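Participant: coordinates only, sequence not included:
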Ligand SMILES: [Ca+2]
Ligand SMILES: [Zn+2]
């Protein structure tokens, strides 16, 4: 969907309605804590709206908004040595992890921003063009549609999911104790309806009164869906809800803003287990990794499927010199996420030059 940096436009309308919907649908057999936190969230609506639009303006190693797409329909030896690429689904899981982390420890303003960011991605897999994986290159309808829907966003608003917090839609959301598990499938459902509406109503072929129907559905879905996620979120952070085997690791690396803090040198993330076995992946996204000031996301696929978090005794990033050109690197902070829970939050702000191997755990 379209979004403007000041937190306005289709994306902001979706989160804004998502909240307003959760109010109108909120059950009476609903805990004091949940009702209280939703107040906190409304207290930070501006940040929820800003996070909802922002991912379209983040300078990443994703030169092309790659992480904003996802084929809900679609592993191997290669990814034991390389970082896996993120998706619209993947990002929901990551920002929801950050949102929960900040909340549990007090920063509600930034927690709410992160949560709004997660919802940017969900809104996107609820577009017709992103789940169908049709880029603005792939087809001229991507942009013309998202814009058609921009100019009309208002007339597609919805006040309710249709159920109540006691009813069906909202109780399945809570049914599954594993967030990451629930989120993938929840999101898959909505995203699947997207691919479908592309082919039938919202493609460049399919018509103009076809596009009106197309936007109505997907924007309404984006609202009912966004409300679901927020609801889930509100519950998850009132009980200290806590999502097992570590099969993946997500590293969210914030690079410093100071000049020449970025590196065009090779970067690796690695671990050593309690036993003594080790794995290293190259941190390598589509575009330019580790630019000055960017915040990058690397997902890592463990070779030992049956591993638990405490068994991972060590964690480090490692530089290897690209040339004789001195790209020394300054990480501002790095978070490691394992199963929807942040598990490392090392601030750094040191310089790494040469082939140094900084340890973070
Ligand atoms: Ca590359
Ligand atoms: Zn969008």
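Facilitator: That came through, no problem. Numbering: from 1, shown residues only. Ligands and ions are numbered 1, 2, ... in the order given.

Participant: flag every buried residue along stretch 251-269.
Facilitator: When neighbours are counted by 16 or more other C-beta atoms under 10 Å, the buried residues of stretch 251-269 are found to be 251-256, 261-263, 265-269. For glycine as for every other residue, the C-beta is placed from the backbone atoms N, C-alpha and C.

Participant: what about it, start to end distance?
Facilitator: With C-alpha to C-alpha, to the nearest Å as the measure, the first residue of stretch 251-269 is 9 Å from its last.

Participant: out of the buried residues of stretch 251-269, which is nearest to ligand 2?
Facilitator: Checking the buried residues of stretch 251-269 against ligand 2 by C-beta to the ion gives residue 252 as the nearest, at 20.8 Å.

Participant: surely that closest one is in contact with residue 294?
Facilitator: No - here residue 252 does not reach residue 294: they are 11.5 Å apart, not a contact under C-beta atoms under 8 Å.

Participant: now the residue of the stretch 51-200 of the chain found nearest ligand 2. Its backbone dihedrals?
Facilitator: When distances are taken as C-beta to the ion, the stretch 51-200 of the chain reaches nearest to ligand 2 at residue 124, 4.7 Å away. Torsion angles at residue 124 (phi, psi; degrees, to the nearest 10) stand at phi -70, psi -40.

Participant: contact partners for it?
Facilitator: Listed by C-beta atoms under 8 Å, 6 or more residues apart in numbering, the contact partners of residue 124 are 1, 68-69, 88, 130.

Participant: same thing with residue 111?
Facilitator: The neighbourhood of residue 111, defined by C-beta under 8 Å, 6+ apart, consists of 98-103.

Participant: helix, strand, or coil at it?
Facilitator: For residue 111, the secondary structure call by DSSP: H, G, I helix; E, B strand; the rest coil comes out as helix.

Participant: which of the three states applies to the residue most central in space within the chain?
Facilitator: Here the mean C-alpha position of the chain is nearest to the C-alpha of residue 91 (C-alpha atoms, centre = their mean), at a distance of 2.3 Å. Following three-state DSSP, we place residue 91 in the helix state.

Participant: my read: it touches residue 69, true?
Facilitator: No - distance between residue 91 and residue 69: 10.4 Å, which falls outside the contact criterion (C-beta under 8 Å).

Participant: for stretch 160-172, which positions count as buried?
Facilitator: Buried residues in stretch 160-172, defined by neighbour count with 16+ other C-beta under 10 Å: 161, 164-165, 169-170.

Participant: give me the number of residues near the residue found closest to residue 240 once you drop the neighbours it is linked to in the chain?
Facilitator: Computed as C-beta to C-beta, 6 or more residues apart in numbering, the closest residue to residue 240 that is not its neighbour in sequence is residue 104, at 6.6 Å. Other residues lying near residue 104 total 16 when counted by other C-beta atoms under 10 Å.

Participant: residue 104 and residue 83, how far apart?
Facilitator: Residue 104 sits 27 Å away from residue 83 when distances are taken as C-beta to C-beta, to the nearest Å.
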